[PDB]
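Trainee: fold the following, please.
(9 chains, ligands or ions: 2)
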Amino acid sequence: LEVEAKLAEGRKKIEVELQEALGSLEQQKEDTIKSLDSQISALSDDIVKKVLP
Amino acid sequence: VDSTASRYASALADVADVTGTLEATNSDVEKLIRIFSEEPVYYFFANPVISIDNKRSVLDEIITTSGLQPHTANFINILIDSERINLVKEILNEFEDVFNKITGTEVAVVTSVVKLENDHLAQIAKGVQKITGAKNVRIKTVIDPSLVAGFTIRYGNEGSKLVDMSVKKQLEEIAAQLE
Amino acid sequence: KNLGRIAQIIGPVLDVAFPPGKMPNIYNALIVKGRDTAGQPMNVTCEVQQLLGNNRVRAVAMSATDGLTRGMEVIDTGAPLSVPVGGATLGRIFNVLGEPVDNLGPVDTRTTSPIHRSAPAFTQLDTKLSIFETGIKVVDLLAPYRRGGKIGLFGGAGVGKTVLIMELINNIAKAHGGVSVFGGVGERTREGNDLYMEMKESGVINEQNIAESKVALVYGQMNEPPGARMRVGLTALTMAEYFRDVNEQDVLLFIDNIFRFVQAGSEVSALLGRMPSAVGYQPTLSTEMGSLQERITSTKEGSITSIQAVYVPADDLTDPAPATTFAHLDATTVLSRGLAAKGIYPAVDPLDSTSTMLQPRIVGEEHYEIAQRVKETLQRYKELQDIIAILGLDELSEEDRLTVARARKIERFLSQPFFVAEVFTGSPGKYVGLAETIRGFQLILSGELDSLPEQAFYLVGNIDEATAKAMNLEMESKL
Amino acid sequence: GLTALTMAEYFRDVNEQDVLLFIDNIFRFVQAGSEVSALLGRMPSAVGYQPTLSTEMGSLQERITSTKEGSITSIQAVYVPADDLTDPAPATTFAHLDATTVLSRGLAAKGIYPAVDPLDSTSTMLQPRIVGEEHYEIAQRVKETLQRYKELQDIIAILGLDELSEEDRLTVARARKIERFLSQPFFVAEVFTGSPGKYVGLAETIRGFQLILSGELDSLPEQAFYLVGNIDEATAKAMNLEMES
Amino acid sequence: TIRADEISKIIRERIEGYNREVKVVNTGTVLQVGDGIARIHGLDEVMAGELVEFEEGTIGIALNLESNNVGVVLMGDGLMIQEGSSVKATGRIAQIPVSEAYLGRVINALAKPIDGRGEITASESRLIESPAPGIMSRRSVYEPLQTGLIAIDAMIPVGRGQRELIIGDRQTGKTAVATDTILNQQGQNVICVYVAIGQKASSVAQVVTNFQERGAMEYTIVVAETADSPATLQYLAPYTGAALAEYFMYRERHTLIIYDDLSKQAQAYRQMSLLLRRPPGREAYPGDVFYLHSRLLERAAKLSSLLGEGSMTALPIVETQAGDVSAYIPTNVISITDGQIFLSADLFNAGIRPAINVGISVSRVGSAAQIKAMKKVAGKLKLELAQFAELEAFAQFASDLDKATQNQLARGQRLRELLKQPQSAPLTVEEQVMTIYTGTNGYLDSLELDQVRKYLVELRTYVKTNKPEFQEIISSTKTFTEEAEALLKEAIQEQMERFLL
Amino acid sequence: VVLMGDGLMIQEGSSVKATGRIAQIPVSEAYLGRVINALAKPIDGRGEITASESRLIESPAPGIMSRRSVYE
Amino acid sequence: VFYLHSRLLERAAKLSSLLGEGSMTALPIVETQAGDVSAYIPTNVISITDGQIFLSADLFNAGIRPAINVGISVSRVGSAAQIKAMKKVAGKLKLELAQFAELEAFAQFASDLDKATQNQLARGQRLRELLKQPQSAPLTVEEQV
Amino acid sequence: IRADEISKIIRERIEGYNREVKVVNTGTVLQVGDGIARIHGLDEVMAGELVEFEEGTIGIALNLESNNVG
Amino acid sequence: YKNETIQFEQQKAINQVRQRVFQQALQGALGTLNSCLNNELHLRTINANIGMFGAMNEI
Ligand SMILES: Nc1ncnc2c1ncn2[C@@H]1O[C@H](COP(=O)(O)OP(=O)(O)OP(=O)(O)O)[C@@H](O)[C@H]1O
Ligand SMILES: [Mg+2]
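Mentor: Residues are numbered from 1 along each chain as shown, chains lettered A, B, ... in the order given. Ligands and ions are numbered 1, 2, ... in the order given. Dropping the coordinates below:
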């Protein structure tokens, strides 16, 4: 029981850790999407010079 | 393809080929296609209800004004006797594909936004020929707003085999990145 | 924006010829601008079932094709059948098409959903096997239901199927927050009228203030053409999977009756000219059934749970229609004629009802043991009935004086007062938990309630009520 | 089938030998022919079978006959679909064969192996001028017992044994012993059961059957007969069941 | 998970090093789309069996190269394929991209992941229809494939490379038996593949969830088509599952393939072929129905040592209606598959899970399959059940059971208890050998029938914990040694004494 | 076209004219006691029925809301 | 065919008070071939129709005229249709008849049975005799009561 | 889509359309497969007449269709 | 297992960014092409394409 209940609580703690990590990653991804805009612009220009002959 | 419409058209070409009227017969067959476009004219020949005897008399008058080839006038008379006038349109279209085969010409159809000079076409028509294996190449042109600045040629037995570059590079790039 | 002309009308099957560019794909609805007998326009809705080539589709009419003329304009609607879904749909009898057939005017709904939809994806399903708690003592104990699973009622009429159906409709609204959707596939109009007026008497459909009701009724009649009886299974399904996807409820979808849906499909396939499959059923029978049954599933949001009536043709469980249907079913509930003669309501046969879900790993060890014991005790009593007449209750051994007595008490305990039947019988119904059911059959099978009379267990909800009823009976008897 | 047949036929014709032509399974040959026929567009005559079923079957079968230069002895297994001997493929094949050996499933459920249904199997050679008068008068008298037993089964299935008369009961006891005696362990089947197979010469088989019919072995139990080679084996086996205790 | 800062380098990479090669490609125009089968005008250089790709992304296999058009098996719903739109000849001929990266991914009929976990990377392609190994390139089945169910591994033993049919009525434990076999392959280097044809989507999800929970999705690919999905994909899904299995077969891995059911492939082929108006045969199933499964099941083979001794063990699952095994489909698959496993519904309703009808189940490769400990131990077992089929017969007829019959009948009930197991708790080979041995000798005769299953669980746990020398003998020597036999008994005496108090 | 009679007299090529109406029968109280055929024309040999209203043959059934439970 | 019969059968049912409470009772007659109630037309017409009155020639030669096989015959409307007077009388009758159909096997062996069982067989046979009627002798409701 | 349109036959027909002719003497083989020939011509055969092929085979004209002869 | 979730996440996000970014670049390219030399550069590309086709044919 006691070990089992402890394990269940540990599983909940792991879920909290995992739930939080995903949220942090999502926030980071949003910032990146906001960030490195020049790549976007220049990145856009990117294909253009090589797409055609 | 081997369907009844195709079967009849092939016969018509074979008799022309024997008698060396391939140019002469082809003009008449093109002339027929203008005739049978009209909904009213086609309907009169096609429907079962109008008497067959009346159909021949009208057909004979049509032949005289048209001045069709002696076999070509027969060929329509044969269709009428043997009830297959309901599929004349398929037969006429089918003949053009057969007629190219006999000569050894191949159609290609080449697509651009912008009309192009013969010199580019000459290279393409020579290029399709070697790649085709053709005796001769006959070129068909069409104008399209949608591509970019290139074009696509279609050739083969059908218009099956299409090799293009205009839009396709953009599409390829779109696919390429996702990889 | 696409206009076509009917090329031919052969029975309920239309062929529509479209211009070469603009062209409907399969399952799009077509609207046929027709005229009536007196000459006013009335329009027949179709559904494209084949693409015949040469820019020509083969549609199946959802209404009658008497009076349609070759060459009349057919407006391609560009989508499959859009059906009104939402709060507005509750308490309204609906056609196949989503038109109200109950005479209360237009459904003032701005939301419509197509009926041909893919199933919920493999990512989106919910794995956790949950028992659906109906609040009926027989069903929660002996034939438990999946939440998001399919149920088969093997009942006729006169066994109180409709009251049982209504209790479920009523209970889900009260215990849970969900709704129910009844889809009458090819239902007789007389029993479509009787059911609709039974819902108003039982307060399941609130006539005075409607859309406070608990049911959205969808009726496909028998005199509808055979393409209209297939798609009422999907109209009810689409309206039920609005409450799953948007309102996030726990829905009950009742398809009455599942056979009929299979039959109708077979008729349209035959009308369409397909070569018939084994036993004369359509060749697409495994797929048309699965295209329906796979939308009845429990996602992460909510869950729809279909309790669908099953007819077994020629009493053959190996007929393709029953066989195909049975694979999908998860629990079967057999409504017994013999229990309605005894007077036990609901007349769910506890020995012939089965469930995929009554496994110890699914319902827990304690629930399983009791259910198994109850069936055994009930089973022994059935065997002993011939013996008791011959030897009498005294002549039986002391164990079998008991398992006869306990079986009688158990039989009475299974019967329960319903909310819907309050009008008819006057005694108040009792919603009974799954725990109060399990705790109740322990006290009968452990023998701690051997002293109580048998008519203290009859038409009581909780185990405590039987004891309370028993005490009151003793006091009355003493008086 | 034709390729195999062609090679067999050449040996008989040119090497002038005697050839065995085992085929597994000629039903498949008909079934392949049936599959291709649908592609060919020929209308299907019965079930899905090709219209030229008798002819296709006939052409392959006719070539197999033994001539004055050599001989083909073909033993060919024929699948019977859904245990239905009235299917067109199995039914057409019957005309060609000189001896059919119809194996049963009901005998394989009981475990009598080989599961040869002894009443449905027929041979042309079972005639007194071919097999002699001794073999023939037994093989009838075996089949008369089994046939009688078969008739009895409808009655016994419901009432059971007890009702039968004493004549019927005696035949039933004999029939049961006879069915078991027919069962035989095989040399090939050692990898299944482990019991070594037994080659039973024809003379031994005739002798054993006479004893069972005669009754000298009426006192022995039935499982003394199950899966033994000779009748001597049954007797030796019978003692062990009785001795063991 | 920082993506955005490298995208300006990543986006450039995609454009970088792109050849843009132009080659002639065959294309065709869609004439009509109907009944899962498209007709395409054009394509004068498609090969039979070549994948032709439509505008919508739907993939079709070209099969009827008629003189004027091409018939195309639309792999997928043709619902968005609009008439007149173009097709492209790929030049590839009916291929599944296949690699190691499949393992642990749920997959579609066309081998595109449906588990929502991103793409799957394959260098190499195996054809969907590819020749079975010949008559030379096989060898005889001799390894065991331990299912972990006692009734199978003792009495209907499944070797590696064997086709072994799992046949029975609906809801008789067929999926569980197949699933149990997959669960039990954890130690071994076996790459189990699970093909779910026509089954409930919810049901497939539970199986997939179970594998992840039990950690068996490290070595499994789950090819799931489902009941909703179109007949063509269900028809073609096993061939996809088989194709994946081969990649490991010819790379010297060992493989298990589970086609669940092959009943529902046969109805999806009947749906496909009746819609094509092909003349039906018996039970309206076409004449190609035998050649349908036989192409699939002959690909499962123990390969010879010249090819590396790969194998593919096939467990196809067939549903029968009311236990009719004279039906056209189950009689077709019994004649293919090397031996079958009858799950009878009479035993399943009586609580005899796993409901293996032992009398009725054959394995052709019966005992060259077993290990030496098993062949010795389970030799006793096979006989006792044979006694006990006949002693349960006329048990109530004689009805005053002498102890010659009665103790053999009391032994028998206990023997049946050993065969009982809980779902998805497969046993190790040593446990099975140990368990079979205990039952055969009469050790459990004293115990109450409801005490047998609780005892043995204690005895196995006792033996793993107190006496691990027994596992080392059976795992290394693979023979029921005299040292091993004695070593078990001491635990049995020790364990039995402990159980009493 | 499904003939409501023997088609023996019809000659191929002879014209047929669509009536414009769809399968009515004259219906009245004056039918009570008359043996009539499928087109509601009397065959008992008693003469014309007095009828003033026409009923369609294919009339739609009463709806769900227009009925009542059977109680008589 | 299902649509054709259903279209015709659906037309006749009881109208509401706003339409005048007119009714239309359809009594279709379908003749089954060799008692195959599972053929294609009687399977269609049964599912359309509310009740069924099965007539069996094995009762018709046995003397039970009209040969209504009441065990099989079913009525969906049921006791809504009967008058109040009929409901009380019929209810007792159905139960007694049900008991007799359970004890048809005992009728050969009625001597070796107790009085309760014997009376039920005895009553049941009389009850069966009530049901019999000559052709075109329809009983009024009072006579049925 | 139907037999007797082999495009020898149609061309033979076109050439002789302005004609009258009876082919009743000899008939040309259109198809042969598996025991059965489809014969073009033979407008003088009678139902059941033996017809002899060029190789030397005797066949029976059962179907006298309007295009060809079974 | 929760960490494996993040591993996958880091991949999905990455891919999305890569794609969206590429998509834009595509947009810009399209725009420029729509403005790049109609008969001059258009013609040049046509010729190139043609050349490529020819090369392919030879192979
Ligand atoms: N060995 C077992 N012990 C306990 N329960 C089991 C066992 N095997 C199966 N079950 C349970 O029995 C039920 C039916 O089993 P399962 O789904 O495996 O059968 P099936 O033959 O696959 O039927 P279906 O045709 O529905 O797929 C399931 O709930 C399953 O988990
Ligand atoms: Mg399963």
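Trainee: could you chop chain B up by domain?
Mentor: B:2-104, B:105-179 (CATH domains of a matching chain).
Trainee: so who does the closest residue to residue B:50 other than its chain neighbours touch?
Mentor: In space, and not counting its chain neighbours, residue B:50 is closest to residue B:44: 6.2 Å by C-beta to C-beta, 6 or more residues apart in numbering or on different chains. Placement of C-beta: from N, CA and C, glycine included. Neighbouring residues of residue B:44 by C-beta atoms under 8 Å, 6 or more residues apart in numbering or on different chains: B:50, B:55, B:58.
Trainee: then residue B:120?
Mentor: By C-beta under 8 Å, 6+ apart, the neighbours of residue B:120 are I:46, I:47, I:50.
Trainee: the closest residue to chain F within chain I: what secondary structure?
Mentor: Nearest to chain F in chain I, going by C-beta to the nearest C-beta, is residue I:12, at a distance of 51.5 Å. Here residue I:12 is helix, with the state taken from DSSP: H, G, I helix; E, B strand; the rest coil.
Trainee: do the same with residue E:380
Mentor: Residue E:380 ends up helix, using three-state DSSP.
Trainee: so what's the gap between stretch C:215-224 and the chain middle?
Mentor: 13 Å (C-alpha atoms, centre = their mean, to the nearest Å).
Trainee: what about it, near chain G?
Mentor: Yes. Residues of stretch C:215-224 contacting chain G under C-beta under 8 Å from any C-beta of the partner chain: C:221, C:222, C:223.
Trainee: and the second one, how close does it get to residue C:228?
Mentor: Pointing back at residue C:222 there. 10 Å (C-beta to C-beta, to the nearest Å).
Trainee: more neighbours, the two?
Mentor: Using other C-beta atoms under 10 Å in any protein chain shown as the criterion, residue C:222 and residue C:228 rank with residue C:228 on top: 27 against 24.
Trainee: that one is in what secondary structure piece?
Mentor: Here residue C:228 sits within helix C:226-230, counting by DSSP states H and E.
Trainee: go on, residue E:28?
Mentor: strand E:25-34.
Trainee: what lines up beside that strand in the sheet?
Mentor: Here strand E:25-34 has these sheet partners by DSSP bridges: strand B:161-165 (antiparallel), strand E:37-42 (antiparallel), strand E:86-89 (antiparallel).
Trainee: report the buried residues of stretch C:54-74.
Mentor: Of all the residues in stretch C:54-74, those buried under the rule 16 or more other C-beta atoms under 10 Å in any protein chain shown are C:55-65, C:68, C:72, C:74.
Trainee: again with stretch E:450-461
Mentor: So, applying 16+ other C-beta under 10 Å, buried residues of stretch E:450-461: E:452, E:455, E:456, E:459, E:460.
Trainee: now the residue in chain E that chain A sits nearest to: which helix or strand?
Mentor: Proximity of chain E to chain A (C-beta to the nearest C-beta) peaks at residue E:8, 1.5 Å away. Residue E:8 belongs to helix E:4-15 when assigned by DSSP H and E.
Trainee: and the helix holding residue C:228, what does it pack against?
Mentor: Counting contacts by 3 or more C-beta pairs under 8 Å, 6 or more residues apart in numbering or on different chains; DSSP states H and E, helix C:226-230 packs against strand C:41-51, helix C:258-272.
Trainee: briefly note if the last one comes near chain G.
Mentor: Yes. For helix C:258-272, a contact with chain G is found by C-beta under 8 Å from any C-beta, at C:260, C:263, C:267.
Trainee: how many residues are close by the last one?
Mentor: Same thing as residue C:267. 19.
Trainee: doesn't residue G:5 make contact with it?
Mentor: No. In this structure residue C:267 lies outside contact range of residue G:5 using C-beta atoms under 8 Å: 12.0 Å.
Trainee: from residue E:348, how far off is the closest residue in space to residue E:176 that isn't next to it in sequence?
Mentor: Distance criterion C-beta to C-beta, 6+ apart; nearest residue to residue E:176, sequence neighbours excluded, is residue E:423 at 5.0 Å. Applying C-beta to C-beta, the value for residue E:423 to residue E:348 is 12 Å.
Trainee: of the two, which one has the most company?
Mentor: Each of residue E:423 and residue E:348 has its neighbours counted (other C-beta under 10 Å); residue E:348 has more, 20 against 17.
Trainee: backbone phi and psi for that one, please?
Mentor: Backbone torsions of residue E:348, given as degrees, to the nearest 10, read phi -70, psi -40.
Trainee: picking that back up, going by neighbour count, list what's buried in the strand holding residue E:28.
Mentor: Those would be E:25, E:26, E:27, E:28, E:29, E:30, E:31, E:32, E:33, E:34, for strand E:25-34 by 16+ other C-beta under 10 Å.
Trainee: just these now: which is nearest chain H?
Mentor: Nearest member of those to chain H, counting by C-beta to the nearest C-beta, is residue E:31, at 16.1 Å.
Trainee: pull the contacting residues for the closest one.
Mentor: C:53, E:38, E:39, E:40, E:41, E:69, E:83.
Trainee: please indicate which of these are buried?
Mentor: Buried among the contacts of residue E:31 (16+ other C-beta under 10 Å): E:38, E:39, E:40, E:41, E:69, E:83.
Trainee: the residue positioned nearest the centre of chain I: what secondary structure?
Mentor: Geometric centre of chain I, nearest residue: residue I:26, 6.0 Å, by C-alpha atoms, centre = their mean. Assigned with three-state DSSP, residue I:26 falls in the helix class.
Trainee: what about the longest helix along chain A and chain C, touching?
Mentor: Identified as the longest helix of chain A according to DSSP state H is helix A:2-34. No. Using C-beta under 8 Å from any C-beta, helix A:2-34 never reaches chain C; the gap is at least 15.1 Å.
Trainee: pick out the residue of chain I closest to chain H.
Mentor: For chain I, C-beta to the nearest C-beta, closest residue to chain H: residue I:57, 34.2 Å.
Trainee: the residue nearest the centre of chain B: which element?
Mentor: Centroid-nearest residue in chain B: residue B:96, 3.8 Å away (criterion: C-alpha atoms, centre = their mean). Residue B:96 is part of helix B:88-103, with elements assigned from DSSP H and E.
Trainee: so what does that helix touch, helix or strand wise?
Mentor: Helix B:88-103 packs on helix B:4-19, helix B:22-37, helix B:39-46, helix B:70-81, going by 3+ C-beta pairs under 8 Å, 6+ apart.
Trainee: for residue I:32, which of those helices is the nearest?
Mentor: In terms of C-beta to C-beta, the element of the helices and strands packed on helix B:88-103 nearest to residue I:32 is helix B:22-37, at 45.1 Å.
Trainee: other residues contacting the closest one?
Mentor: B:12-13, B:16, B:41-42, B:45, B:62, B:66, B:68-69, B:71-72, B:76, B:88-89, B:92-93, B:95-96, B:99, B:102-103.
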